[PDB]
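A short write-up of the structure that comes next.
Just so it is clear, the values below take in all heavy atoms, side chains as well, and ignore hydrogens, waters and symmetry mates. Chain letters run A, B, ... following the sequence lines, proteins first and then strands; every chain starts at 1.
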Amino acid sequence: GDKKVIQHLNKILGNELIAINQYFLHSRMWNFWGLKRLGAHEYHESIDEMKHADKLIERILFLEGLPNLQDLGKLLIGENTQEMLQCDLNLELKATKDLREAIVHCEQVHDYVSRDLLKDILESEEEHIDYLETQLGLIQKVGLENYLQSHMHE
Amino acid sequence: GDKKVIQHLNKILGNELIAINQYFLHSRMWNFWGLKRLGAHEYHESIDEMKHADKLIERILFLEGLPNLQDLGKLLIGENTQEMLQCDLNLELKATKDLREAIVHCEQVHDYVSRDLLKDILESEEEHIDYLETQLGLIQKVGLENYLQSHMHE
Amino acid sequence: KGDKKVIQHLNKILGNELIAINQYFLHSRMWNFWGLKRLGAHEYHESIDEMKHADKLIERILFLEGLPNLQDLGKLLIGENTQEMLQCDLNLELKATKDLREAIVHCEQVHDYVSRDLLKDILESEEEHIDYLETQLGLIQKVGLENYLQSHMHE
Amino acid sequence: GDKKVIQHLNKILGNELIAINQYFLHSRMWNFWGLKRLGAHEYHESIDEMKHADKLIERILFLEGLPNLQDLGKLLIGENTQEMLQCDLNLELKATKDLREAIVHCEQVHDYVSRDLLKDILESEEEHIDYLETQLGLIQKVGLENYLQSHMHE
Amino acid sequence: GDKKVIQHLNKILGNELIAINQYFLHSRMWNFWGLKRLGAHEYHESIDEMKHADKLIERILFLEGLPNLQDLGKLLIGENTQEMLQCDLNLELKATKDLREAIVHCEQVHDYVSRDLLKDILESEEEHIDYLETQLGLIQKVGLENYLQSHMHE
Amino acid sequence: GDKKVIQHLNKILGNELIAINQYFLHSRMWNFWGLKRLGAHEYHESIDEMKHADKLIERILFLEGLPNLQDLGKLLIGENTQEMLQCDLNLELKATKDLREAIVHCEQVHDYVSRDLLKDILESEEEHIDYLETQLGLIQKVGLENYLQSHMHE
Amino acid sequence: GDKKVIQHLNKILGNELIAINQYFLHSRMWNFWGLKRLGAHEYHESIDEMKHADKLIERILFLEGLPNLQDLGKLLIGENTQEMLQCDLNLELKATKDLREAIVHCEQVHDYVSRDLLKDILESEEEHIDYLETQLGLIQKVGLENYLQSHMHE
Ligand code: HEM
Ligand code: HEM
Ligand code: HEM
Ligand SMILES: [K+]
Ligand SMILES: [K+]
C-alpha cells in the first residue's frame with residue numbers, strides 16, 4: 001500500500017468516526033424530544049457512516065496499514081434542531097473537502113480501487129448535504145414550529 | 001406474608017386505582033374533544049394501570065392480605081390538554097416515590113418476588129413520565145395549536 | 001346541553017358500575033386464588049362487562065356536557081366464601097336494577113330517548129347477571145356445595 | 001467466583017436434587033394409583049426442578065466451583081395424596097428460606113447475575129407453594145373424595 | 001411381585017441414578033470447556049438414563065415394591081476428556097454386569113415382562129459401551145488434540 | 001436525575017465506546033487473516049456493545065444528563081489471536097468491575113431502573129468473559145494451529 | 001477507436017487468457033489431488049477471467065480493433081499447493097500493473113468507458129490478490145497439513 005493513500009484513508013476514517021457519534025447523539029436527542037421523524041432519519045445517517053467506516057477499515061488492512069480507531073476528533077453537538085442541522089452540515093462540508101483531497105492523491109498514485117471507494121462515500125455525503133440544505137430551507141419556507149410539527153411522527 | 005409489605009402493596013394498589021380512573025376520564029375527555037390520538041394513548045395508559053392493579057391484587061392475596069379496592073384517593077382532573085398532562089405527571093411522580101419506598105422495604109425483609117413485581121411497575125411508570133415530559137416539551141417546541149392539531153387523528 | 005337530572009341519574013348508574021367493577025374483580029381474584037378457576041373466569045368477565053358499561057355512561061355524560069363522577073366509590077359487598085360472594089353480587093345487582101328503572105322513567109319523561117336506550121341495554125345485561133346468580137345459588141342447593149365447588153375448579 | 005456464593009449455589013443445587021426425586025416419585029405414585037392429573041402436574045414440577053439444577057450447575061462451573069451432585073439429602077415421601085402435598089410444601093418452605101439467604105449474600109458481594117438466577121428460581125418455588133396451598137385448601141372446600149375424583153383424568 | 005426381582009430392579013435403578021448425575025455433570029463440564037459436541041452427546045446419554053429410571057420406577061410400583069430414589073452411589077467424575085470417557089465406561093461395565101444378574105433371576109421366577117424391560121435397558125447400555133470404546137479408540141487413531149478439535153462444534 | 005448516577009452511566013458508556021471500536025477492529029483483522037469464524041463472532045460482540053451504548057445514551061438523556069460520546073479511552077489491540085482474545089478479556093474485566101460499582105450506587109440512591117439496565121449489560125459482559133475464557137482454554141486443549149484451523153470457516 | 005487504447009485492451013485480454021488456463025489447470029490439479037475446496041475456488045477464479053475476457057473482446061470489437069485470442073503467454077504452473085498459490089499471485093501482480101498503465105492511457109485520451117471497464121476488472125483482480133495472500137498467510141498460521149485438510153471437502 002502507498003503510504004499517503006493510507007494516511008488519507010485514515011483521515012476519512014477519522015471523519016466518519018466523528019460523524020457516527022455526532023449523528024447518533026443527535027438522533028437520540030431528537031427521539032428524546034419526541035421528534036421521531038428526525039431521530040429516525042438521523043439514526044440512518046449514523047448507520048451509513050458506520051458502513052463507510054467498515055469499508056475504509058477493510059481497505060486499509062488490505063493495503064497493510066493500521067486503521068486508526070483511537071483518535072476521535074471534535075463532535076459538533078447542537079442544542080436545538082436548527083443548530084444540530086447546521087452542525088451536521090458543517091461537518092459534511094469538511095468531510096467532502098477531505099474526500100476530494102484523498103481522491104486527487106489516489107488518482108496521482110494510480111490507486112483506482114481506493115479512488116472508487118472514496119467516490120462512493122463522496123456521493124453519499126453529497127446526498128446528506130442535499131438533505132441538510134433542504135431541511136434548513138424548509139424551516140424558512142414553512143416556519144420552525146410547522147417544521148418541527150412535521151417531524152414528530154415517523 | 002410480611003405485614004408492612006402488604007401495607008406497601010395496598011398503597012401502590014391505591015395509587016393504581018386513582019390512575020386507572022384519572023387516565024380513563026382524561027382519555028374520554030380527549031375523545032370527546034376530537035383529540036383522538038391523545039385519547040387512544042391515554043386509554044392504553046389506563047389499561048396498563050389496570051394490569052398492574054391485577055398483579056398487585058394477586059400478590060396481596062397470595063401473601064394472605066386483604067386487597068383494598070375500597071379507598072379511592074383524589075383524582076387530578078385537568079380542564080385542558082396542558083393541565084391534564086401535568087396532572088398525570090404529578091400523579092406519576094408521587095407513584096414512583098411510593099414505589100421506591102415499597103422496594104426498599106421489600107429488600108429489607110427479603111421479599112424479592114414482591115420487589116421484582118414492583119420494579120416492573122416502576123419501569124413502566126418511568127416510561128409514562130418520559131412520555132408526559134416529552135409532550136409538555138413538544139407543546140413548547142411546536143406551539144399548543146400545532147400540538148393539538150397533531151393529536152386530532154389517530 | 002343535557003338535562004341536569006338525566007346527568008345526575010347517569011352519574012348514579014355510573015357510580016353503581018364502578019362499585020360492581022371492583023367488587024367483581026376482587027371476587028374473581030379470590031376465586032382464582034382458591035383454585036376455583038371457572039368461577040374466577042366468569043366473574044372476571046362480569047367485571048369487564050361492567051367496565052364497558054361504565055365507558056358508555058362516561059361517553060354519554062360528556063356528550064350531554066355533564067361531569068362524569070369517577071371519584072365517589074360506594075360500598076363494596078365482599079363475601080367470605082363462595083355462597084356469600086354470590087349473594088353479595090346478587091344484592092348489588094338488585095340495587096343496580098332498581099336505580100336503572102328509576103333512571104329510565106326519568107329519561108322517558110324528559111324525552112331523552114337515546115339515554116333511555118343505553119340504560120335499557122345495561123338493564124338487560126344486569127338482569128342476565130341476576131339470572132346467572134340465582135341459577136348458581138339454586139345449583140348449590142340441587143347438587144350440594146362440595147359438588148358445586150368441584151364443578152368450578154377447572155375452566 | 002466468590003467461595004461463599006459457590007457454597008450457597010451448591011446448597012440450592014442440593015435442594016433441587018432432593019425435589020427432582022421427591023416429585024418424580026410422587027408423580028409416578030399418583031400415576032400408579034390412577035390420579036393422572038396429579039401425576040402429570042407433579043411430573044412438570046419435577047422437570048422444572050431439573051431445569052433449575054441445570055442452570056445452577058452451569059453457573060457454578062462458570063464461577064470455577066465444583067458442582068456437588070453426590071450429596072442427596074432426605075426425600076419426604078408421603079403415603080397418600082394429602083401427605084404427599086404437605087411433604088412437597090414442607091420441602092419448598094425450606095427451599096425458599098435457603099434461596100433468600102443466598103440472595104442476601106450474592107447481593108452483598110456484588111454477584112448480581114447469580115442473584116438474578118436465584119431470584120428466578122425463587123419466583124418459581126413461590127408459584128409451587130401457591131399451587132400446593134391451593135390444593136390443600138381445595139381438599140377442605142370440595143372434600144377429599146371429590147378432590148381426588150377431579151384428578152383422575154388428565 | 002417377587003421380592004428379589006424387586007430388589008434387582010431397585011439395584012438397576014440405583015445404577016441409573018448414578019449414571020444420570022455423572023453424565024449430566026460430564027455434559028456440562030464439556031460444554032463449559034467448549035467441547036459442545038461431547039457436551040450434547042453426553043446430555044443425551046443422561047436423558048436416556050432418566051427414561052430408563054422412569055420405566056424401572058413404574059415397574060417397581062406395579063409389582064408393589066418401593067422404588068428407592070434415596071440411595072445415590074459413588075459418581076465417577078473425571079478431570080479431562082479421556083478420564084471422563086473411561087469413568088463412563090467403568091460405570092457401564094458395572095451396570096451391564098448387574099443387568100445380566102437381574103435378567104437371570106427374572107427368568108428363574110418367570111417374570112418375563114421384567115426381563116424384557118431389563119433386556120431393552122441392556123441393549124441401550126451396550127450401545128453406550130460401543131460409543132465409549134470407539135471414542136477412546138479415536139483418541140488413539142487421530143490424536144487427542146484432533147479428537148478434541150472435532151468435538152468443539154455441534 | 002442523580003448526578004453521580006449520570007457520572008456512572010457516562011463511565012459505562014465510555015467503556016462501551018472503547019469495546020465497540022476494539023472489537024470491530026479485531027473482527028476486521030480476523031476477517032483480513034481469513035479467520036472468518038472469529039471475525040463473525042467478534043463482529044456480533046461489537047454490535048452488542050453498540051446496542052448497550054444506545055440504551056445508556058437514552059437513559060442518560062431521560063435523566064437529563066449529557067451523554068459523553070467525545071472521550072474515547074485506550075483501545076487494547078492485540079497482534080495475534082491469542083493476544084486479541086486476552087485484550088478483550090482484560091477490557092471485559094475492567095468493564096464488569098465498573099458495572100458493579102455503578103449498580104451499588106444505583107441501589108444506594110434507589111434508581112432501580114438504572115440498576116436494571118446495568119444488570120442486563122452485566123449479564124451480557126459475563127457471557128462474553130465466559131466465551132473468551134473458553135477460547136483461551138480451547139487453544140491449550142487442541143493446540144493453537146487446530147484452534148485457528150477451526151475458525152477459518154463460518 | 002484510439003489505437004493505443006486498443007493495444008492496451010489487447011494486452012489485458014492477453015493477461016486474462018493466461019489466467020484462464022493457469023487457473024483452470026490449477027483447479028483440476030487440486031481436484032485430482034482431492035483438495036476439492038481449492039479446486040472449486042480456483043474453478044470460479046477461472047470463470048471470472050473468462051467473463052472479463054468476454055467484456056474486453058466486446059469492447060475491442062466496438063472500437064473496431066482486432067481481438068487477439070491467438071497469442072498465449074507463459075502459464076505459471078506450480079507443482080504443489082504453496083507454489084500454485086504463489087504462481088497465481090505472481091500472475092495477478094503483473095496483471096494489476098498492466099491494468100494501471102492501461103487506465104492511465106484511457107484517461108489521457110478521454111476513453112472513460114474503457115477506463116470504467118478496466119477499473120472493474122482491476123477491483124476484481126485485487127480481490128483475488130486479497131484471497132491469495134490470505135491463503136498464504138493461513139498456511140503459516142495453521143500449518144500446511146491443516147490448511148490442506150481444511151480444503152479437502154467442498
Ligand atoms: C373506572 C373503572 C374502569 C373502567 C372504566 C375500565 C375500563 C376498561 C375497558 C373499557 C377495558 C377493555 C375491555 C374490553 O373491551 O375487552 C378494560 C379492560 C381491563 N380492565 Fe378495566 N376498567 C376499570 C377499572 C378496572 C379495575 C379497578 C381493574 C382491576 C384490575 C381493571 C382491570 C382490567 C383488566 C385486567 C382488563 C383487561 C386488559 C387487557 O389485558 O387487555 N379495570 N377496562
Ligand atoms: C430421578 C432422577 C431423574 C429422573 C427419573 C428424570 C427423568 C426425566 C425425564 C423422564 C425427562 C424427560 C425425557 C424426555 O422424554 O425427553 C427428563 C428431562 C430432563 N432432565 Fe431429568 N430426570 C432425573 C434427574 C435429572 C437431573 C439430576 C438433572 C440435572 C439437571 C436432570 C435434567 C433434565 C433436563 C435438563 C431435562 C430436559 C427438560 C426439558 O427442557 O424439557 N434430570 N428427566
Ligand atoms: C457510538 C458508537 C456506535 C453506536 C451507538 C452504534 C450503534 C449501532 C446500532 C444501534 C446498530 C444497529 C444494531 C442492530 O440492532 O442490529 C449499529 C449497527 C452497525 N454498526 Fe454501529 N454503532 C456505533 C459505532 C460503530 C462503529 C465505530 C462502527 C464501525 C467501525 C460501526 C459499525 C456498524 C455496522 C457495520 C452496523 C451494521 C449496519 C448494517 O449493515 O445494518 N458502528 N450500530
Ligand atoms: K362428585
Ligand atoms: K486438524
Side-chain angles (χ1 to χ4, degrees), chain A residues 62, chain E residues 141-143 145-146 149-150 152-153, chain F residues 30-40 142-154, chain G residues 12-35 37-54 69 72-99 121-154:
Chain A
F62 167 69
Chain E
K141 304 183 162 70
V142 311
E145 284 181 342
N146 278 350
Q149 175 191 28
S150 291
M152 289 179 35
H153 302 144
Chain F
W30 272 316
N31 285 167
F32 169 73
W33 287 332
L35 296 170
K36 292 177 203 186
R37 201 169 165 130
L38 282 158
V142 310
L144 178 62
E145 289 187 330
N146 280 355
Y147 177 86
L148 296 179
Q149 184 194 21
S150 293
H151 288 72
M152 286 167 50
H153 307 142
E154 271 170 279
Chain G
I12 306 314
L13 172 62
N15 292 343
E16 299 287 345
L17 297 170
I18 299 162
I20 285 165
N21 287 16
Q22 178 171 319
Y23 302 161
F24 203 93
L25 177 55
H26 281 168
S27 166
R28 272 42 188 150
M29 285 166 64
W30 276 319
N31 285 170
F32 165 77
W33 292 330
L35 297 168
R37 202 180 185 112
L38 277 160
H41 184 96
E42 188 76 334
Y43 169 84
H44 287 112
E45 295 290 359
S46 184
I47 297 289
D48 282 336
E49 302 289 76
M50 293 176 207
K51 293 152 91 187
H52 296 144
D54 183 20
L69 288 72
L72 182 67
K74 190 201 169 188
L75 275 33
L76 314 175
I77 307 316
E79 50 209 347
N80 56 49
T81 294
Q82 318 93 276
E83 275 185 43
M84 297 151 75
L85 289 172
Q86 185 67 52
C87 286
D88 292 352
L89 176 58
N90 291 341
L91 188 66
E92 288 290 354
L93 295 171
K94 165 53 155 86
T96 49
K97 184 183 137 177
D98 294 332
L99 280 158
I121 294 165
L122 178 58
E123 171 172 9
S124 166
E125 302 312 349
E126 288 187 8
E127 301 173 342
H128 193 192
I129 285 163
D130 190 26
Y131 165 86
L132 291 159
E133 295 181 336
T134 295
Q135 305 323 105
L136 288 165
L138 288 167
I139 282 167
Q140 299 304 313
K141 293 183 186 63
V142 311
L144 181 62
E145 277 187 335
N146 279 349
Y147 181 80
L148 296 179
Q149 176 194 28
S150 292
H151 285 82
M152 291 170 40
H153 298 148
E154 280 212 50

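For G/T134, the side-chain contact (heavy atoms from CB on, under 4.5 Å) partners two or more places apart in sequence, or in a different chain, are G/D130, G/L138. Applying the side-chain contact (heavy atoms from CB on, under 4.5 Å) rule to G/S46 yields the partners G/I20, G/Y23, G/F24, G/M50; only residues at least two apart in sequence or on another chain are considered. For the side-chain contact (heavy atoms from CB on, under 4.5 Å) test, residues two or more places apart in sequence or in another chain that qualify with G/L93 are G/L89, G/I129.
Scanning all heavy atoms of the two residues, the minimum distance from G/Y43 to G/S27 falls at CB-OG, 3.3 Å. When every heavy atom of G/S124 is checked against every heavy atom of G/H52, the shortest pair comes out as OG-CE1, 3.0 Å. The nearest pair of heavy atoms linking G/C87 to G/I77 is SG-C, 4.0 Å.
Here the side chains of G/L99 and G/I121 are in contact, with some heavy-atom distance below 4.5 Å. Taking 4.5 Å as the limit, some side-chain heavy atom of F/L148 sits within range of a side-chain heavy atom of F/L144. Under the 4.5 Å side-chain criterion, counting only non-hydrogen atoms from C-beta, G/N15 is not in contact with G/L91. A heavy-atom distance below 4.5 Å is not found between the side chains of G/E126 and G/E123.
Under the side chain to side chain contact (heavy atoms under 4.5 Å, CB included) test applied with G/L38, the options G/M84, G/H151, G/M29 reduce to a single match, G/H151.
Side-chain atoms of G/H128 and G/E125 form no donor-acceptor pair, as typed in the model, at a separation below 3.5 Å. No side-chain donor from either of G/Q140 and G/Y147 sits under 3.5 Å from a side-chain acceptor of the other. In the model, F/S150 has a side-chain atom that pairs as donor or acceptor with a side-chain atom of E/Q149 under 3.5 Å.
Distance CG/G/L17 to CD1/G/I12: 11.5 Å, rounded to 0.5 Å. Atom CZ of A/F62 sits about 9.0 Å away from atom CD of G/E127, to the nearest 0.5 Å. Taken to the nearest 0.5 Å, the CZ atom of F/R37 stands 13.0 Å off from the CE atom of F/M152. With rounding to the nearest 0.5 Å, the separation of OH in G/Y131 from CD in G/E45 is 7.0 Å. For the atom pair CG (G/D98) and CG (G/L122), the distance works out to 11.0 Å, reported to the nearest 0.5 Å. G/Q22 CD to G/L76 CG: the interatomic distance, rounded to the nearest 0.5 Å, is 4.5 Å.
Side chain of G/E83 to backbone of G/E79: a donor-acceptor contact under 3.5 angstrom is found. Put simply, the side chain of G/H26 gets close to the backbone of G/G78: a donor and an acceptor are under 3.5 Å apart.
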CA sep, side-chain torsions, deciding dist, call: G/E42, G/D88, side chain to side chain contact (heavy atoms under 4.5 Å, CB included)
CA-CA 10 Å; G/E42 188 76 334; G/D88 292 352; 2.5 Å; yes
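Atom NZ of G/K141 sits in a crowded spot, with more than 12 heavy atoms from other residues, nucleotides or ligands closer than 6.0 Å.
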